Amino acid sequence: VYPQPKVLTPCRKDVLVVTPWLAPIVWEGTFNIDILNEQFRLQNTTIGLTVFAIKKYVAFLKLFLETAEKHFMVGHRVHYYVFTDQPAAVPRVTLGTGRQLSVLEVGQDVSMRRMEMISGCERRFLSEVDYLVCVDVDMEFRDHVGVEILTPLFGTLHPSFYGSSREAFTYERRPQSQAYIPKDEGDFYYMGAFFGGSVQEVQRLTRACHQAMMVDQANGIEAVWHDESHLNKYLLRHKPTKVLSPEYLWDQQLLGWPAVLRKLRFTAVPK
């Protein structure tokens, strides 16, 4: 038994909860997590979480993993993939049942080469997980981040730009660049710090983005916000099937806690 949804009473009247191509925009009050959890557990869903911790960024892993254990996909199977140049620096964090961590040793370019890196690993991710979630490491989970986000392809609204008009969006504006988006085009401005989807869709996106960055390199141009520019051009042409609200990528220090955010789920750590 759960509350009956009533078609003439919306739960959120303050925010857009569906995109114009009928992809849910994920806000607190839009979902009944008990239903979603059942649906995903019936498929024995496994969620992969990829995070890069190169050089000094290994310092962010303890809090990132500790808070993931508290809030990320709790109850579901989780496989953390930690890409690092320092395998011995990965903290040994105690994990809940059904949860595992692998350390993958790896060699503008650090942020940029993630797309490349997410796409060798190609067959390993396909056999091991159902979905892949790709996040920044300099973050902490503060509240529930669960199977509501899962879908073939998702992006996340950039917290600086969700109330803005498209002309303000910092898309790549040089036609020279594979990331180019004209001033009168564009749905949203997505942040590169949180995207994902099915393994197939994430491999497609990361391959596409990597292919497009190489083309730009071979043309002597670097998109303005780098991987995030290409991510935005990809998601314009291949629209995500869910969009996460800024509950899922916030910075309380810079932006506070507005009323429209009922929960602050995944937030920046000061650096």
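Numbers follow the displayed sequence, beginning with 1.
S.K.: Between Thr170 and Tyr171, what class does the number of missing deposited residues fall in: none, 1 to 3, 4 to 9, or 10 or more?
M.R.: Per the record, no deposited residues are absent between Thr170 and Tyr171.
S.K.: Gap size between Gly107 and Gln108, counting deposited residues with no coordinates: none, 1 to 3, 4 to 9, or 10 or more?
M.R.: Per the record, 4 to 9 deposited residues are absent between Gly107 and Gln108.
S.K.: Could you check the entry and say whether 190-198 or 145-153 has the higher mean CA B-factor?
M.R.: So the stretch with the higher mean C-alpha B-factor is 190-198.
S.K.: Of 232-240 and 214-222, which one has the bigger average CA B-factor?
M.R.: Higher of the two, by average CA B-factor, is 214-222.
S.K.: Name the one of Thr97, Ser102, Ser164, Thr84 with the greatest CA B-factor according to the PDB entry.
M.R.: The record points to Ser164.
S.K.: At the C-alpha atoms, which of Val93, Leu132, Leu126, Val74 reaches the highest B-factor in this entry?
M.R.: Checking the PDB record, the top C-alpha B-factor among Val93, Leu132, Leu126, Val74 is at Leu126.
S.K.: Lowest, middle or highest third: which one holds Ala268 when the chain's residues are ordered by CA B-factor from the entry?
M.R.: Answer is middle: the recorded C-alpha B-factor places it there.
S.K.: Pull the Cα B-factor of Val17 out of the PDB entry and bin it into the chain's lowest, middle or highest third.
M.R.: Bottom third by C-alpha B-factor.
S.K.: So where's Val78 on the chain's Cα temperature factor ranking, which third?
M.R.: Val78: CA B-factor falls in the lowest third of its chain.
S.K.: Lowest, middle or highest third: which one holds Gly256 when the chain's residues are ordered by CA B-factor from the entry?
M.R.: Its C-alpha B-factor, which the entry lists for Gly256, ranks in the middle third among residues of this chain.
S.K.: Using the B-factor values recorded in the entry, state whether the Cα atom of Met112 falls in the lowest, middle or highest third among the modelled residues of its chain.
M.R.: Its C-alpha B-factor, which the entry lists for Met112, ranks in the highest third among residues of this chain.
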